[PDB]
């Protein structure tokens, strides 16, 4: 790697000026140790006050690891960096990545440190190691090579990455590989018996052609990822409250599915009855419930993924460690629905459960469409921004907004 790739920003856009948020002493000392080694390795260099740009940085610990990792929030820089069509006009996402059985996620982010960065773009990667209590000025750095978490890093290295993957693509033709940011998604249709040895075949294969976190592979199983269709209760005795929640659920589902009727189910609530009173189902109302039950068995008609529009992810807290979510581009047109349960390491911490849920949904969104959705988080802004970095474990960061009004749709996704 000698020649640099001329990287530019979008027309009429200056570099990022994002303020560094406060960091604990353990994270500051960890970043100083990391950046000192990266400075000796030529990956980063000190900068002067003529560089006014900045990008936030913080330290995390990878899943099942005991060493701190330097994570950069390049969200503002990535949206200011130009679209990378310098080689390909746009790679359609591999649809076979979500139909495989066992998908392994590696971290080829360290391989980006072998390719230098355009000297005219290094000033835009500036970051600051903050000091405690403003005792000293923050330690200022900039990247000399391709940094992890930057949009242009996999695009620039895409020319050199394919040359390393060709001897293995020739070996196995029916294996799907996909790269997104600092992660390479490797999926195969064979069982886990040889999957560990097949991924191990790819571990040292990358090192000999050019790594702290390249020894672990996050395993996925998208062939068994369950979906959550609309389900109606099957009861032998229905109270007034049960029928009220039923029609309320069918009225909500009527906006998604055509032909849903609640007329015969309303004629049973005739009169002012107590909520706990059992109402016997008439055969005319049982037919309407059976008709609506068969309508919900079919998928939603007229749904489609548009690569031009953004993806939206809503999350509802259901309690007892259960979180439901929906991904869509248009309202009432869900592209994928799901439900998690038993968040490991977080039984009394909703924030850690929600944080891990955001990571899992974004991971699923990478396999299906190849991009990240904008989250609608059921949490106050001040609480989320204070603690989400403490439980974050991925190299990428999506966008999110906050929901302050309790949604009524929570009762139906439960």
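Take the two forms, superpose them, and find the largest set of C-alpha atoms that agree within 1.5 Å; that set is the rigid core. Positions refer to the first chain, counted from 1.
- Between 309-317 and 275-283, the larger root mean square Cα shift in 6 other deposited structures of this protein, once each structure is superposed on the rigid core, falls on 275-283.
- Of the two stretches examined, 175-183 and 218-226, the one with higher mean CA deviation in 6 other deposited structures of this protein after a rigid core fit is 218-226.
- In all of the other compared structures of this protein with flanking residues present, residue 157 is modelled, so it falls below the one-third mark for missing coordinates.
- Judged by the one-third criterion across other entries of this protein, residue 143, modelled here, is also modelled in every one of those that cover both its neighbours.
- In this entry, residue 210 and residue 211 are separated by 10 or more residues of the deposited sequence that lack coordinates.
- Look at the C-alpha B-factors of 67-75 and of 217-225. On average they run higher in 217-225.
- Legend: mean Cα B-factor per stretch from the PDB entry, 277-285 versus 245-253; the higher mean is in 277-285.
- Looking at 182, 314, 330, 200, the one whose CA carries the top B-factor in the deposited record is 200.
- When the C-alpha B-factors of 136, 171, 272, 237 are ranked from the entry, the top spot goes to 171.
- When the CA B factors of the chain's modelled residues are split into thirds, the value for residue 326 lands in the lowest one.
- Among all modelled residues in its chain, residue 346 ranks in the highest third by Cα B-factor.
- In the deposited entry, the Cα temperature factor of residue 167 sits in the top third of values across the chain's modelled residues.
- When the modelled residues of the chain are ordered by C-alpha B-factor, residue 292 sits in the middle third.
- When the CA B factors of the chain's modelled residues are split into thirds, the value for residue 40 lands in the middle one.
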